[PDB]
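[1] Just the structure for this:
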Amino acid sequence: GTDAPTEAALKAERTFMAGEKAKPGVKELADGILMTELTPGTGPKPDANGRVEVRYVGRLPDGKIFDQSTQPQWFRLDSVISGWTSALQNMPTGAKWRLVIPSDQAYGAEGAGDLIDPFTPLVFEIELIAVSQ
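    Numbers count the residues shown, from 1 in each chain. Structure data below:
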């Protein structure tokens, strides 16, 4: 119910992100997003202004699920957090990816009220079911 000093919160985010970056098989995509491939795919990749149909689980660094799909769900890439916009352009239909997204590519300093604190990196597991224009 109260915010950690930026100094401490930023340090915690940086050490979390650096730890994830060092893990085996992790690829650093644009803008600091870290990807681990659970399952490869060989289908189409989405355009920056296209749509993705996904299953997903979104977690805080301590594991807490803050949002998840209940069925495959369509999103516009130009209308989601910027970490999805950039990272998912790399993702072929059929793949299952783990993404670790720095807070400046997610909800940043503002967070999401009391649901996501300022300076919180996010961990997603995403299955790409389909893409479209």
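[2] Which residue ranges of the protein form helices?
    Remark: helices assigned in the chain by DSSP state H are 6-21, 82-87.
[3] These into a markdown table, with extra columns for mean neighbour count and distance to residue 67?
    Every residue, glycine included, has its C-beta placed from N, CA and C. Supplementary listing: those in a markdown table, determined by neighbours: other C-beta atoms under 10 Å; distance: least, C-beta to C-beta, whole Å:
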| stretch | mean neighbour count | distance to residue 67 |
| --- | --- | --- |
| helix 6-21 | 14 | 19 |
| helix 82-87 | 22 | 12 |
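[4] what helices or strands is the longest strand along the chain leaning on?
    As assigned by DSSP state E, the longest strand anywhere in the chain is strand 122-132. In terms of contacts (3 or more C-beta pairs under 8 Å, 6 or more residues apart in numbering; DSSP states H and E), strand 122-132 is packed against strand 51-59, strand 96-101.
[5] ok, residue 49 touching residue 77?
    Yes. Shown here, residue 49 and residue 77 form a contact pair, counting by C-beta atoms under 8 Å, at 6.8 Å.
[6] quick one, which of these two is more surrounded?
    Neighbour totals were compared for residue 49 and residue 77, and residue 77 leads with 20 against 11 (other C-beta atoms under 10 Å).
[7] Just give the nearest non-adjacent residue to that one, would you?
    residue 85 (5.0 Å; C-beta to C-beta, 6 or more residues apart in numbering).
[8] Now do that neighbour against residue 32, distance only.
    13 Å (C-beta to C-beta, to the nearest Å).
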